[PDB]
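Single chain ahead, written as structure tokens, the form deposited in one PDB entry.
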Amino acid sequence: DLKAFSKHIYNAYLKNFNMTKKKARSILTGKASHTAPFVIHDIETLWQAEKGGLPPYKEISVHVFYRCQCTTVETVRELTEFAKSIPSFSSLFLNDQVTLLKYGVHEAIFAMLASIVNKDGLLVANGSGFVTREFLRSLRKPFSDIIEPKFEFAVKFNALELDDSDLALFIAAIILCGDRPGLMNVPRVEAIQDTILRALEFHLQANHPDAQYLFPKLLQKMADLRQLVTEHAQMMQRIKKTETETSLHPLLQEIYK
């Protein structure tokens, strides 16, 4: 049953991800709690944020880079358990599960990223802090170059105004993608992806009645995410080749192997 298929993915989304877009958006607006997030806009406030774990300190731009690794790695662990909560996904052999996570987590991460982003920055520390975009721009290359492209995508992505129910299905479609290199059972995954996209279109018709061309637009965003991630990978291989003092989390090294 497709209606129940969708609802199961929605529950897995709520059960496995720390913050919903509804949570984040209320913070970024200021309705939620009378204590707004602590703004990190420069070195001082960055230091104050740390006061109130990671590899040896090298410098500020690299410190930010490590904080980013921690969030990506943490989000990978949530995507893994969210995917595992999808019965269709757990029926695949374990190696096929790894292939899809290896080549899908980053696409899923930059799509979820938009939920905690606005034109001015993003949330950190579970909504307790807000890092400004101008500050992340002030970092030295190539760390400023690896951050700014995501904001440009996030702002155009938020213009679609998806709610958490849309995103749950949207993320499952990104993970269950038959195009990944080295997949063993392509037709199985192709079928699963087709069921999700069908349920996604069915969902959007109900959830966004007066939103036209929303489904083809999201398919275009999926294509955009492949471009964004591929560019991100090149910049990562740049850091690995030119930033000797910058280490990489082993899990991410396996993804970029």
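Residues that one form lacks are left out of the comparison. Start at 1 with the first residue shown and count on from there. Between two forms, the rigid core is the largest collection of C-alphas that superpose within 1.5 Å.
From this point on, the text means the form deposited in another entry, which you will not see here.
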Shifts of 2 Å or more in the Cα, rigid core superposed between the shown form and the other one, apply to only one of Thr230, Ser33, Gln220, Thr29; name it.
-> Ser33
Does superposing the core leave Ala211 with a CA shift of 2 Å or more between the shown form and the other one?
-> yes
Closer or farther: the CA pair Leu162/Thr35 in the other form, versus this form, with a change of 3 Å or more?
-> closer
Stretches between the shown form and the other one where the CA atoms of at least 3 consecutive shared residues shift 2 Å or more, core fixed = 30 to 35, 53 to 57, 211 to 213
